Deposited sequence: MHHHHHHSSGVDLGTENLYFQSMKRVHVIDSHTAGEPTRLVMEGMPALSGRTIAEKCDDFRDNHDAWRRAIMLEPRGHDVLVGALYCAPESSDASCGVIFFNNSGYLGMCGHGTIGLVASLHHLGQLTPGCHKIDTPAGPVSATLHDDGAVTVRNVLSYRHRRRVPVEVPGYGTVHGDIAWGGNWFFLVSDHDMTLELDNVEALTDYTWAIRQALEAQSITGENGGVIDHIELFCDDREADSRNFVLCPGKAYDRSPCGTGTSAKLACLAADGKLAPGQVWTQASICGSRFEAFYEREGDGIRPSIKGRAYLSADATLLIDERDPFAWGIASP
């Protein structure tokens, strides 16, 4: 068949348009008592494998990979290591929805509430009767409100600096957010990101603000957004962490009450439903979204191929 090649079984899915590659069998065996030590093992001793499935030509820039792992915790359903074409992640909301929907379609997870171990600790994910998944996000908060930043080529932009599991600069209403305009939106948000760094504008404790999000009105959602992610990429989904940061700002401005659902549309019209409860002076947001399968695949690595382990 392809007996001279290395075979890796993956299940590709997308969460509201943002793709996840779940890796099931064939990947190097990892050692460690916890998911974090396994992630170190992957990084230190098996990184070529991350590169083979995430770099071109097998991977493409927007993909997140998710390696299925045995559970660490006694009450966890499984463990997972997330990664991309540049390195290893901690938590990954859209990837977790992908993981859960994937394992759902394989019968390994059934409706109800599941704990999932990650290198950054446990994540609670509820699989609903209808196949949707709600993931409870980390504590989220706003650091600063309506901070002006002069962006060469665009003048002065105001935005909130907030934390939702990543640092965001949120600019909420006159670019408008259509999918056919992503080049211009990327240029703009990129200019903002560069200006923040040039001008030493950070999150709490020096945190680099590496995500930029724009919000506008939407006919059938509370808002539509465009989200610049690290590496000049945009999120196809409404962005779980970005939407968590948005809710923190809404809460801090008294525009959204605990328990109240906010519906966030993405640049491509997919949607997340979100709500929060108060935790101290911050919020605990939950993000509900839906993933669908893309492929059940055997990745093939042919050692004769000059790009077997990925193009730089």
property	result
Non-modelled portions of the deposited polymer sequence, in sequence order	1-18, 192, 332-333
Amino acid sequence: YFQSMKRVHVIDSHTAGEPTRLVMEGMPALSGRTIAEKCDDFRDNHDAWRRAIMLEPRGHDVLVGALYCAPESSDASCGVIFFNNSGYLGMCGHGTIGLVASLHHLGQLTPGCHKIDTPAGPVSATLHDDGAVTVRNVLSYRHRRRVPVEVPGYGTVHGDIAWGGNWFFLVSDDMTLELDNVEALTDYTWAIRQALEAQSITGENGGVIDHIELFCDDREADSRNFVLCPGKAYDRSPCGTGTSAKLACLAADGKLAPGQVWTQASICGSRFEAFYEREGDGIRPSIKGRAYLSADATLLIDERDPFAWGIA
From here on, numbers count along this sequence of modelled residues.
{"property": "Of 189-197 and 118-126, the stretch whose C-alpha atoms average the higher B-factor in the entry", "result": "189-197"}
{"property": "Stretch with the greater mean C-alpha B-factor as recorded in the entry, comparing 303-311 against 2-10", "result": "2-10"}
{"property": "Residue, from 241, 181, 102, 96, that the PDB entry assigns the highest Cα B-factor", "result": "181"}
{"property": "229, 133, 109, 162, ranked by C-alpha B-factor: the highest one", "result": "109"}
{"property": "CA B-factor ranking of residue 23, expressed as a third of its chain", "result": "middle"}
{"property": "CA B-factor ranking of residue 269, expressed as a third of its chain", "result": "middle"}
{"property": "Among modelled residues of the same chain, the CA temperature factor third for residue 220", "result": "highest"}
{"property": "Record-listed C-alpha B factor of residue 278: chain third", "result": "middle"}
{"property": "Where the record places residue 169 (Cα B-factor, split into thirds across the chain)", "result": "middle"}
